[PDB]
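Novice: Below is a structure I'd like to ask you about.
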Amino acid sequence: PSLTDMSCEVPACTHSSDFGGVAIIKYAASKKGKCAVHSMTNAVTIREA
Amino acid sequence: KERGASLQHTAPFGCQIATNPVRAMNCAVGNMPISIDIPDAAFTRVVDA
């Protein structure tokens, strides 16, 4: 499902040890299905595949 | 017969006196801090909002 409307932001982040950032993605995919979410930069570690 | 105005009546800032034992109540002057710690049992995610 191709996503458009890639409008992301974060309510509140915190550079903790653990996942002290949690960001909000508003989006528009085309249809139903899985999506590969990925942190390209080693500075950020998404905990979800 | 001429003790007169008891310290209930002589009280600045709206103090009040109370016997058994005597005590100065309810002249709330100054500023009182309170530290209160609360766990994440109360806070909910903004995506739940």
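Following the order of the structure tokens, first chain is A, next is B, and so on, with residues numbered from 1 inside each chain and ligands from 1 in the order they appear.
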Can you work out which residues from chain A touch chain B at a cut-off of 12 Å (counting only C-alpha atoms) and hand them back as a VMD selection string?

Specialist: chain A and resid 10 to 12 21 to 26

Novice: If you count only C-alpha atoms, which residues fall within 12 Å of range 41-44 of chain A, apart from same-chain ones fewer than 5 positions away, as an mmCIF file with C-alpha atoms, in the first residue's frame?

Specialist:
data_model
loop_
_atom_site.group_PDB
_atom_site.id
_atom_site.type_symbol
_atom_site.label_atom_id
_atom_site.label_comp_id
_atom_site.auth_asym_id
_atom_site.auth_seq_id
_atom_site.Cartn_x
_atom_site.Cartn_y
_atom_site.Cartn_z
ATOM 1 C CA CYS A 13 10.644 13.358 22.677
ATOM 2 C CA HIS A 15 16.803 11.546 24.564
ATOM 3 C CA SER A 16 16.721 8.961 27.326
ATOM 4 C CA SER A 17 18.356 5.557 27.428
ATOM 5 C CA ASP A 18 15.119 3.838 26.412
ATOM 6 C CA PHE A 19 12.489 4.917 23.874
ATOM 7 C CA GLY A 20 11.933 8.384 25.376
ATOM 8 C CA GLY A 21 10.779 9.650 21.984
ATOM 9 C CA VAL A 22 7.482 8.595 20.490
ATOM 10 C CA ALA A 23 6.476 10.346 17.289
#

Novice: Got a sec to tell me which of chain B DSSP assigns to strand (DSSP E), as a ChimeraX atom specification?

Specialist: /B:16-18,23-25

Novice: Selected residues, N, CA, C and O atoms, written as an mmCIF file, in the first residue's frame, please.

Specialist:
data_model
loop_
_atom_site.group_PDB
_atom_site.id
_atom_site.type_symbol
_atom_site.label_atom_id
_atom_site.label_comp_id
_atom_site.auth_asym_id
_atom_site.auth_seq_id
_atom_site.Cartn_x
_atom_site.Cartn_y
_atom_site.Cartn_z
ATOM 1 N N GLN B 16 -6.346 32.323 63.722
ATOM 2 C CA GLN B 16 -7.362 31.893 64.658
ATOM 3 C C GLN B 16 -6.676 31.066 65.726
ATOM 4 O O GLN B 16 -5.637 30.456 65.487
ATOM 5 N N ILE B 17 -7.245 31.061 66.915
ATOM 6 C CA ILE B 17 -6.651 30.307 67.999
ATOM 7 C C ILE B 17 -7.584 29.161 68.349
ATOM 8 O O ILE B 17 -8.797 29.213 68.122
ATOM 9 N N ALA B 18 -6.995 28.097 68.882
ATOM 10 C CA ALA B 18 -7.796 26.932 69.255
ATOM 11 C C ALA B 18 -7.137 26.254 70.439
ATOM 12 O O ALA B 18 -5.957 25.913 70.378
ATOM 13 N N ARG B 23 -3.314 26.595 69.608
ATOM 14 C CA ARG B 23 -2.680 26.477 68.311
ATOM 15 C C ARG B 23 -3.195 27.588 67.416
ATOM 16 O O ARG B 23 -4.341 28.031 67.550
ATOM 17 N N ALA B 24 -2.333 28.021 66.502
ATOM 18 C CA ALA B 24 -2.637 29.110 65.586
ATOM 19 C C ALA B 24 -3.018 28.520 64.237
ATOM 20 O O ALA B 24 -2.148 28.136 63.448
ATOM 21 N N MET B 25 -4.308 28.444 63.971
ATOM 22 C CA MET B 25 -4.748 27.895 62.705
ATOM 23 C C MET B 25 -5.102 28.983 61.694
ATOM 24 O O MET B 25 -5.497 30.096 62.059
#

Novice: Record the distance separating CA of residue 49 in chain A and CA of residue 36 in chain A, expressed in Å with one decimal.

Specialist: 6.8 Å

Novice: So how many Å separate CA of residue 1 in chain B and CA of residue 14 in chain B, to one decimal?

Specialist: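 Spanning CA of residue 1 in chain B to CA of residue 14 in chain B is a straight-line distance of 25.4 Å.
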